[PDB]
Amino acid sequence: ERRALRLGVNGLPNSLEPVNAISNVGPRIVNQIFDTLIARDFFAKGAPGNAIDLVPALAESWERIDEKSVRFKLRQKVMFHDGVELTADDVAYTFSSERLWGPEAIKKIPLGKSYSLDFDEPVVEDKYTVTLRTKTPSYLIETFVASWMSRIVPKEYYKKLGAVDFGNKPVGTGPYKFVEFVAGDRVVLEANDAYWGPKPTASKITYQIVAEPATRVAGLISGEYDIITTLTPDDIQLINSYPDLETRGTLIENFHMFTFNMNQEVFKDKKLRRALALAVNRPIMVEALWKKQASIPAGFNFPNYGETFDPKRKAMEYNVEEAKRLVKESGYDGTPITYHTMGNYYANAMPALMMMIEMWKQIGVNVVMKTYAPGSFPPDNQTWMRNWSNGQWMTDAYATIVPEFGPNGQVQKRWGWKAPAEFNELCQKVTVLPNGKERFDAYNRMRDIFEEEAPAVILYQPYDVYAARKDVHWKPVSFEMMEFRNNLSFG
């Protein structure tokens, strides 16, 4: 039989419902269970896992009709794992008001509306033809449909179970099907030999949580795991000393950050947020912890934005004396401020925090670490500072500044950021404008306001480091996922 793949992972999602699984740890599992209409081919034209090319997947072809609609022709006789044939009805349900973006969808997918485009209801023309559309102009439908928002779920099965139970017993069209989920311990998938695309090359995949990275490394060295995730560049020398192991790393389209609970009195105003931001010496963290491999962006601005990336933008500010003055002007009294982290779910989370605590002591702010267990996120009102990350999930600047930090987003609605009205007006403008000078300048003004307000502080794009047995052939992609289609072989 084919070899079973054993992965030692940093964490596991709380649900395998594909939108609710959006996180650093969910896509590497839900990418196997499900498919999208259009897939990003990271290896197109020989690229080393960072190509942006969009290719047919569950849609054999597609055509943009106008500024707000795209018609998809579906591949025929594709089956879900439970035997049901994929049709336009499943695709329409996936992108419906009911399941995803309407007010009724909040109880199934809490972030569905905030992360979605301004969709109108899909139009089904026939069993294999469906149009996705927006109420207002959107040139983002194709990048949205290739993203992690857009894995296709089975309508009747999903409605029968509901989103919570579906998340514990998922059914998709992908190359691996669900076996078991032991919350906070493992996920096991098995080969779907009825798959429509490249046939699965592992017989089974096990995602085993190993929360401590030292234990994870020891497990690779002992022969317990084939691939391990979420290492730091500081682990590269030891792993690569073993002739039968190696590291495989890449910059990913994600940024690490810290952010604030702006419902808390000390963070309602921008002054102390800005003071903490101005004291972070990012290049010294990149040198000390990342062996130079992480990348520090010029604001909320990344190359994968394409036409809305600004390569002439100045670096984010670093000014210890201005930071000291802001601490004084804020009235901060020396009381300790907590910073919550789920151990090293993020690579270098605790080492980075320890360095930042020292940087903050030098401006007169006392920050203390508080840890929380995998899957035990604290009550919001017990949090002040916390770490987070955002995957830059479109080939456009809309994500993640608008979905996360916009007026309909969680940073304003849940976490209390009182954004300037100008910022929210610009979010609405960029959503509907085509690319050009106006949209480009609007994102730059949004970036400036973001730095002025500091609702979050961007640290860097991580250099994502995996380690693997040399006899397990698999290349990383420039995103917070693992791809095995035509990218997994043994021997």
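Residue positions are given as counts along the sequence shown, with the first one as 1. Think of the rigid core as the biggest set of C-alphas that the two forms share within 1.5 Å after superposition.
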Note to self: Aligning on the core, I want to see which stretch wanders more in 9 other deposited structures of this protein. Is it 419-427 or 462-470 by C-alpha RMS?
What the structure shows: 419-427
Checklist line | Stretch farther from the shown model on average in 9 other deposited structures of this protein, with CA RMS computed after core superposition (332-340, 160-168) | finding: 332-340
Checklist line | Of 1-9 and 481-489, the stretch whose C-alpha atoms average the higher B-factor in the entry | finding: 1-9
Item checked: Residue range whose averaged C-alpha B-factor is higher in the record, 390-398 or 407-415 -> 407-415
Next item on the list: Tell me, please, which of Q293, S96, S241, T131 has the highest C-alpha B factor according to the deposited entry?
Entry: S241
Notebook entry, point to check: Among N254, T341, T230, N319, which residue carries the highest C-alpha B-factor recorded in the PDB entry?
Noted result: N319
Next item on the list: Would you check the entry's CA temperature factor for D118 and let me know if it's in the chain's lowest, middle or highest third?
Entry: lowest
Margin query: Split into thirds by Cα B-factor across the chain's modelled residues, where does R216 land: lowest, middle or highest?
Written below: middle
Next item on the list: Please place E438 in the lowest, middle or highest third of its chain by C-alpha B factor as given in the entry.
Entry: highest
Notebook entry, point to check: Should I284 be placed in the lowest, middle or highest third of its chain by the C-alpha B factor in the entry?
Noted result: middle
Note to self: Ranking every modelled residue in this chain by its Cα temperature factor as given in the entry, which third contains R248?
What the structure shows: lowest
